[PDB]
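Source file data_5.txt; content: compact mmCIF, N, CA and C atoms.
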```
# COMPACT_ATOMS: atom_id res chain seq x y z
N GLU G 98 -17.55 -4.36 -9.85
CA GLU G 98 -16.97 -5.49 -10.63
C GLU G 98 -15.86 -4.99 -11.54
N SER G 99 -15.50 -3.72 -11.38
CA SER G 99 -14.47 -3.09 -12.20
C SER G 99 -13.04 -3.30 -11.69
N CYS G 100 -12.80 -4.42 -11.02
CA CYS G 100 -11.46 -4.71 -10.51
C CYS G 100 -10.80 -5.83 -11.32
N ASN G 101 -9.90 -5.45 -12.21
CA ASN G 101 -9.19 -6.42 -13.05
C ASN G 101 -7.97 -6.90 -12.29
N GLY G 102 -8.22 -7.72 -11.27
CA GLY G 102 -7.15 -8.25 -10.45
C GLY G 102 -7.75 -8.90 -9.23
N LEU G 103 -7.00 -8.90 -8.14
CA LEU G 103 -7.47 -9.51 -6.91
C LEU G 103 -8.33 -8.53 -6.12
N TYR G 104 -9.53 -8.96 -5.73
CA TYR G 104 -10.42 -8.11 -4.94
C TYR G 104 -10.54 -8.73 -3.56
N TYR G 105 -10.23 -7.95 -2.52
CA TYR G 105 -10.29 -8.47 -1.16
C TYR G 105 -10.49 -7.38 -0.12
N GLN G 106 -11.52 -7.52 0.70
CA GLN G 106 -11.83 -6.55 1.75
C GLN G 106 -11.99 -5.14 1.19
N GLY G 107 -12.84 -4.99 0.18
CA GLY G 107 -13.07 -3.69 -0.42
C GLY G 107 -11.86 -3.05 -1.09
N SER G 108 -10.81 -3.82 -1.33
CA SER G 108 -9.62 -3.29 -1.98
C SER G 108 -9.30 -4.11 -3.22
N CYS G 109 -8.70 -3.44 -4.21
CA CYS G 109 -8.34 -4.08 -5.46
C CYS G 109 -6.82 -4.10 -5.63
N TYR G 110 -6.28 -5.30 -5.76
CA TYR G 110 -4.85 -5.52 -5.93
C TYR G 110 -4.53 -5.70 -7.41
N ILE G 111 -3.83 -4.74 -8.01
CA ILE G 111 -3.48 -4.82 -9.42
C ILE G 111 -2.03 -5.24 -9.61
N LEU G 112 -1.83 -6.32 -10.36
CA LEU G 112 -0.51 -6.85 -10.61
C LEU G 112 0.30 -6.05 -11.63
N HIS G 113 1.53 -5.71 -11.27
CA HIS G 113 2.45 -5.00 -12.15
C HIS G 113 3.59 -5.99 -12.39
N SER G 114 3.61 -6.58 -13.58
CA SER G 114 4.60 -7.60 -13.94
C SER G 114 6.03 -7.15 -14.20
N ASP G 115 6.29 -5.85 -14.27
CA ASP G 115 7.65 -5.39 -14.49
C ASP G 115 8.45 -5.47 -13.20
N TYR G 116 9.65 -6.03 -13.29
CA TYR G 116 10.53 -6.15 -12.13
C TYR G 116 11.10 -4.78 -11.80
N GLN G 117 11.02 -4.38 -10.54
CA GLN G 117 11.54 -3.08 -10.13
C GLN G 117 12.22 -3.17 -8.77
N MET G 118 13.11 -2.22 -8.50
CA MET G 118 13.75 -2.18 -7.20
C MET G 118 12.62 -1.64 -6.33
N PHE G 119 12.68 -1.90 -5.03
CA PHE G 119 11.62 -1.45 -4.14
C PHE G 119 11.16 0.00 -4.30
N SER G 120 12.10 0.94 -4.22
CA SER G 120 11.77 2.37 -4.33
C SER G 120 10.95 2.72 -5.57
N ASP G 121 11.33 2.15 -6.70
CA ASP G 121 10.63 2.41 -7.95
C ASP G 121 9.22 1.81 -7.93
N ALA G 122 9.08 0.63 -7.33
CA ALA G 122 7.77 0.00 -7.26
C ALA G 122 6.88 0.88 -6.38
N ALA G 123 7.42 1.30 -5.24
CA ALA G 123 6.71 2.14 -4.28
C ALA G 123 6.22 3.44 -4.93
N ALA G 124 7.11 4.12 -5.65
CA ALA G 124 6.76 5.37 -6.31
C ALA G 124 5.71 5.11 -7.39
N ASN G 125 5.87 4.01 -8.12
CA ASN G 125 4.90 3.67 -9.16
C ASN G 125 3.50 3.54 -8.56
N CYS G 126 3.37 2.87 -7.42
CA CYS G 126 2.05 2.72 -6.79
C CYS G 126 1.53 4.07 -6.29
N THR G 127 2.43 4.87 -5.72
CA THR G 127 2.05 6.19 -5.21
C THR G 127 1.50 7.03 -6.37
N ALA G 128 2.10 6.88 -7.55
CA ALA G 128 1.69 7.62 -8.73
C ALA G 128 0.27 7.25 -9.17
N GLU G 129 -0.14 6.02 -8.91
CA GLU G 129 -1.48 5.58 -9.28
C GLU G 129 -2.40 5.67 -8.08
N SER G 130 -2.07 6.56 -7.15
CA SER G 130 -2.87 6.74 -5.95
C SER G 130 -3.06 5.43 -5.21
N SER G 131 -1.98 4.65 -5.11
CA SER G 131 -2.05 3.36 -4.44
C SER G 131 -0.87 3.15 -3.50
N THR G 132 -0.84 1.99 -2.86
CA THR G 132 0.24 1.63 -1.96
C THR G 132 0.57 0.18 -2.25
N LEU G 133 1.69 -0.29 -1.72
CA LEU G 133 2.06 -1.68 -1.90
C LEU G 133 1.26 -2.45 -0.85
N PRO G 134 1.13 -3.77 -1.02
CA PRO G 134 0.37 -4.52 -0.02
C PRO G 134 1.09 -4.52 1.33
N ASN G 135 0.35 -4.75 2.41
CA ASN G 135 0.93 -4.83 3.75
C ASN G 135 0.98 -6.31 4.13
N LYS G 136 2.14 -6.79 4.55
CA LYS G 136 2.28 -8.20 4.92
C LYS G 136 1.19 -8.68 5.88
N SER G 137 0.79 -7.82 6.81
CA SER G 137 -0.23 -8.19 7.78
C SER G 137 -1.64 -8.32 7.21
N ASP G 138 -1.92 -7.63 6.11
CA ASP G 138 -3.24 -7.71 5.50
C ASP G 138 -3.40 -8.98 4.67
N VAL G 139 -2.31 -9.46 4.09
CA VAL G 139 -2.38 -10.64 3.22
C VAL G 139 -2.03 -11.99 3.82
N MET G 140 -1.24 -12.03 4.88
CA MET G 140 -0.92 -13.31 5.50
C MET G 140 -2.26 -13.87 5.98
N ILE G 141 -2.43 -15.18 5.90
CA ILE G 141 -3.68 -15.80 6.34
C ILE G 141 -4.86 -15.42 5.44
N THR G 142 -4.61 -15.33 4.14
CA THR G 142 -5.65 -15.02 3.16
C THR G 142 -5.30 -15.73 1.87
N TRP G 143 -6.28 -15.92 1.00
CA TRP G 143 -6.00 -16.59 -0.26
C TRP G 143 -5.07 -15.76 -1.13
N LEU G 144 -4.92 -14.48 -0.78
CA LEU G 144 -4.07 -13.59 -1.55
C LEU G 144 -2.59 -13.91 -1.41
N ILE G 145 -2.19 -14.47 -0.27
CA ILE G 145 -0.78 -14.76 -0.04
C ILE G 145 -0.07 -15.57 -1.14
N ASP G 146 -0.80 -16.44 -1.82
CA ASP G 146 -0.23 -17.26 -2.90
C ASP G 146 0.16 -16.39 -4.09
N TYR G 147 -0.57 -15.30 -4.30
CA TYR G 147 -0.27 -14.40 -5.41
C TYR G 147 0.77 -13.34 -5.07
N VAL G 148 0.71 -12.80 -3.86
CA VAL G 148 1.63 -11.74 -3.46
C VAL G 148 2.99 -12.14 -2.90
N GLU G 149 3.16 -13.40 -2.51
CA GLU G 149 4.46 -13.80 -1.98
C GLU G 149 5.52 -13.52 -3.04
N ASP G 150 6.68 -13.05 -2.57
CA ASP G 150 7.81 -12.71 -3.42
C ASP G 150 7.66 -11.39 -4.18
N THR G 151 6.58 -10.65 -3.92
CA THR G 151 6.39 -9.33 -4.54
C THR G 151 6.57 -8.32 -3.41
N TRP G 152 6.98 -7.11 -3.76
CA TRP G 152 7.24 -6.06 -2.76
C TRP G 152 6.14 -5.74 -1.74
N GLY G 153 6.53 -5.71 -0.46
CA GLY G 153 5.61 -5.37 0.61
C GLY G 153 5.87 -3.90 0.91
N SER G 154 4.95 -3.23 1.61
CA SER G 154 5.13 -1.81 1.92
C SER G 154 6.31 -1.51 2.85
N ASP G 155 6.87 -2.54 3.48
CA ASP G 155 8.00 -2.36 4.39
C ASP G 155 9.37 -2.54 3.73
N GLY G 156 9.42 -2.57 2.41
CA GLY G 156 10.71 -2.73 1.75
C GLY G 156 11.20 -4.16 1.58
N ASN G 157 10.40 -5.13 2.02
CA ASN G 157 10.79 -6.54 1.88
C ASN G 157 9.76 -7.30 1.04
N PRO G 158 10.19 -8.41 0.43
CA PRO G 158 9.25 -9.19 -0.38
C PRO G 158 8.28 -9.78 0.63
N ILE G 159 7.06 -10.06 0.22
CA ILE G 159 6.06 -10.65 1.11
C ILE G 159 6.32 -12.17 1.17
N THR G 160 6.30 -12.75 2.37
CA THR G 160 6.51 -14.19 2.53
C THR G 160 5.46 -14.82 3.44
N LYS G 161 5.24 -16.12 3.27
CA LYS G 161 4.26 -16.85 4.08
C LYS G 161 4.70 -16.83 5.54
N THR G 162 6.02 -16.84 5.75
CA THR G 162 6.58 -16.83 7.09
C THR G 162 6.64 -15.42 7.68
N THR G 163 7.19 -15.33 8.88
CA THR G 163 7.35 -14.06 9.58
C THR G 163 8.85 -13.96 9.85
N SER G 164 9.62 -13.98 8.77
CA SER G 164 11.08 -13.92 8.81
C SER G 164 11.65 -12.72 9.57
N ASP G 165 12.97 -12.57 9.50
CA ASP G 165 13.66 -11.46 10.17
C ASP G 165 14.31 -10.54 9.15
N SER G 169 18.10 -10.38 5.38
CA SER G 169 18.76 -10.63 4.10
C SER G 169 18.87 -9.36 3.28
N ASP G 170 20.03 -9.15 2.67
CA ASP G 170 20.25 -7.98 1.84
C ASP G 170 19.36 -8.09 0.61
N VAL G 171 18.32 -7.26 0.55
CA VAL G 171 17.37 -7.28 -0.56
C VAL G 171 17.27 -5.92 -1.25
N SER G 172 18.13 -4.99 -0.84
CA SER G 172 18.13 -3.66 -1.42
C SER G 172 18.59 -3.67 -2.87
N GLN G 173 19.32 -4.71 -3.26
CA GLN G 173 19.81 -4.80 -4.64
C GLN G 173 18.95 -5.71 -5.50
N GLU G 174 17.79 -6.11 -4.98
CA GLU G 174 16.90 -7.00 -5.72
C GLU G 174 15.81 -6.27 -6.48
N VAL G 175 15.23 -6.97 -7.46
CA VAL G 175 14.12 -6.45 -8.25
C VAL G 175 13.04 -7.51 -8.20
N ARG G 176 11.79 -7.06 -8.09
CA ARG G 176 10.66 -7.98 -8.01
C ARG G 176 9.41 -7.34 -8.57
N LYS G 177 8.38 -8.15 -8.77
CA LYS G 177 7.11 -7.64 -9.25
C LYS G 177 6.42 -7.04 -8.02
N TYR G 178 5.26 -6.43 -8.22
CA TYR G 178 4.55 -5.83 -7.10
C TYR G 178 3.11 -5.60 -7.48
N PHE G 179 2.26 -5.48 -6.46
CA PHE G 179 0.84 -5.25 -6.64
C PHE G 179 0.55 -3.86 -6.08
N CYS G 180 -0.22 -3.06 -6.80
CA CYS G 180 -0.57 -1.75 -6.26
C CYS G 180 -1.99 -1.91 -5.74
N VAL G 181 -2.19 -1.52 -4.49
CA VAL G 181 -3.49 -1.66 -3.85
C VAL G 181 -4.24 -0.34 -3.74
N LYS G 182 -5.55 -0.41 -3.97
CA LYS G 182 -6.40 0.77 -3.93
C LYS G 182 -7.80 0.38 -3.43
N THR G 183 -8.39 1.22 -2.58
CA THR G 183 -9.73 0.94 -2.05
C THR G 183 -10.76 1.12 -3.16
N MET G 184 -11.78 0.27 -3.18
CA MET G 184 -12.82 0.34 -4.20
C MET G 184 -13.99 1.26 -3.84
N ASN G 185 -15.13 1.04 -4.50
CA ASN G 185 -16.35 1.82 -4.31
C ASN G 185 -16.29 3.16 -5.05
```
Show the structure stored in the file as structure tokens.
Amino acid sequence: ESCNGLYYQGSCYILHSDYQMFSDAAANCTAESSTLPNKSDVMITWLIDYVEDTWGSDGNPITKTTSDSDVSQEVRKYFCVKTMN
């Protein structure tokens, strides 16, 4: 019960409200022994409402759709994911 955030499939998603360019968000999660969410793990889950528009592990914001836009100059929030237990 020590997950202060979204808990799903034995993993804890912690919200980081600071806007960051993708690389910085990625490194920040790596520093906390975590990774960014994977679009495939969250689509079709109640988590999608929280993670959409936040950095996905593939360098793109997570979206409800399965899109195909220059986003390298953008900043967004992100969730760092870590397995529980």
Using all atoms listed in the file, what table do you get, as a tab-separated table, when you list each residue of segment 142-185 of chain G with an atom no more than 6 Å from segment 111-121 of chain G, its nearest pair of atoms, and their distance in Å rounded to one decimal, rows by chain then rising number?
```
residue	atom	partner	partner_atom	distance
G:174	C	G:118	CA	4.6
G:175	CA	G:117	C	3.8
G:176	N	G:117	N	3.7
G:177	N	G:116	CA	4.5
G:178	C	G:113	N	4.1
G:179	CA	G:111	C	4.1
G:180	N	G:111	C	4.0
G:181	N	G:111	N	5.0
```
Separation of atom CA of residue 161 of chain G from atom CA of residue 134 of chain G in Å: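 Going from atom CA of residue 134 of chain G over to atom CA of residue 161 of chain G covers 13.6 Å.
For the set G:110, G:136, G:185, G:104, the residue with the smallest atom-to-atom gap to residue 159 of chain G is G:136, counting all atoms listed in the file.
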Å distance separating atom N of residue 183 of chain G from atom CA of residue 171 of chain G, one decimal place: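 We find that atom N of residue 183 of chain G and atom CA of residue 171 of chain G lie 27.2 Å from each other.
Coordinates place atom CA of residue 135 of chain G at a distance of 23.0 Å from atom CA of residue 98 of chain G.
For segment 144-147 of chain G, the residues within 9 Å (counting only C-alpha atoms, excluding itself and residues fewer than 3 positions away along the chain) are residues 103, 105, 136, 139, 140, 141, 150, 151, 159, 160 and 161 of chain G.
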Alpha helix (DSSP H) call set, DSSP backbone run, segment 129-184 of chain G, as a PyMOL selection string: chain G and resi 136-139+145-148
Write out as JSON an axis-aligned box for segment 135-139 of chain G: all of its atoms listed in the file, 8 Å added on each side, centre and edge lengths in Å with one decimal.
```
{"center_x": -0.6, "center_y": -8.4, "center_z": 5.1, "size_x": 21.7, "size_y": 23.2, "size_z": 21.4}
```
Sel. of strand (DSSP E or B) residues, chain G, as a PyMOL selection string: chain G and resi 103-105+108-117+132+149+152+158-159+176-183
Pick from G:108, G:148, G:182, G:137, whichever lies nearest to residue 163 of chain G using only C-alpha atoms: G:137
